[PDB]
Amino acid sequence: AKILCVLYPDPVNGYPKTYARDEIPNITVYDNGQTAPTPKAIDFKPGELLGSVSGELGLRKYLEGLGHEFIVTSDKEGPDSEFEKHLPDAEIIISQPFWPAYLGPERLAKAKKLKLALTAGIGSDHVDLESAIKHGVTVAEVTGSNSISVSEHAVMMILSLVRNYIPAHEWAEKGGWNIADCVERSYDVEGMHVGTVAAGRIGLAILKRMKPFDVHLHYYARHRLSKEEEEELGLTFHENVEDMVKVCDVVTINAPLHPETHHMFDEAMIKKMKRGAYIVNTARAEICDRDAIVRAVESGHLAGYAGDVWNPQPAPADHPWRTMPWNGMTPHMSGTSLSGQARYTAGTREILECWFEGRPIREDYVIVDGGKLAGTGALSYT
């Protein structure tokens, strides 16, 4: 059928001629024991840029290797768009969260022939998980691929906030020194209290990583961890997120976006956070109330917020977070480092393979199949 794939604009220097490196580490196995994607053939050197229009997830050889139709495009907005154009007769839709072709109920209505909305990466929140059920449609996402990538992003975005990196940097770039104005905001993270919403692949990664920084490790999930996990890391479990946000000076959000978590960090929850506390949100923007976050920083109740997730995506030029005080922001770039691109593209292939050769699709990669939250969907999403 028509496979349709929404990928991001190429670099403004055009698709990369050469890269900064000759290769990247080979990664085969994850922490919880899960294996890295296992496609039979890949048609790209890992470490290459697969996630833009030109990269095309190195898929064009395999898909027009059964002479299927394979369209690629960054144009994805409103009903005149290239995406909206090819949408109705498409059977497999592929997009990445970094550049998400959203699939609400009406965009689901128009897609007459859609059988598999396939998230290249993690978090299928851009997809109306209910509607999907109504139309029998199947939804799968490359679970694990880029969780370690994100974890590195978060930790980094923590130290950048607590130590006030970006600003001090902003000085030295423009000729200055200004030490004194640098370290008025600069605290060690050491012996602070730090809190992960969720302790899934990311939240557990982040914890394992902050532990050697001699901080006191707290966390909310809906089920506890093992004892030997909780002891080896030396955690402090919290039933309420309320509970946790009172004691923690740093909170990392690391939970999926579904209606439980919608606006969890609204002005409501911001109350109980300690003055000068910090939020790293690498999970999904809509877990925070945008206009709440802003104020609590402007107000000064929050020392800082940083994150790579926004809403919508792209976020509008005028999105307050961008310019907001002490923002440690980036575009949505953690899941799609070259290192992680390697894995979610593989998986993207793997998942197409089993679908095209009739064979099954890993439990782990499946969010929705056959009208119910199955596999990862059942444990993580609502």
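One-based numbering along the sequence shown.
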| property | result |
| --- | --- |
| Segment of higher mean CA temperature factor, 242 to 250 or 187 to 195 | 242 to 250 |
| Of 153 to 161 and 301 to 309, the stretch whose C-alpha atoms average the higher B-factor in the entry | 301 to 309 |
| Among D128, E82, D214, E260 - the residue whose C-alpha B-factor is largest in the record | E82 |
| Highest recorded Cα temperature factor - choice among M269, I279, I122, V72 | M269 |
| Chain third (lowest, middle, highest) by recorded CA B-factor, residue given as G358 | middle |
| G370 - Cα temperature factor, lowest/middle/highest third of chain | highest |
| Lowest, middle or highest third - CA B-factor, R60 | middle |
| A205 - which third its CA temperature factor falls in, relative to the rest of the chain | lowest |
| Third of the chain, ranked by Cα B-factor, where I27 sits | lowest |
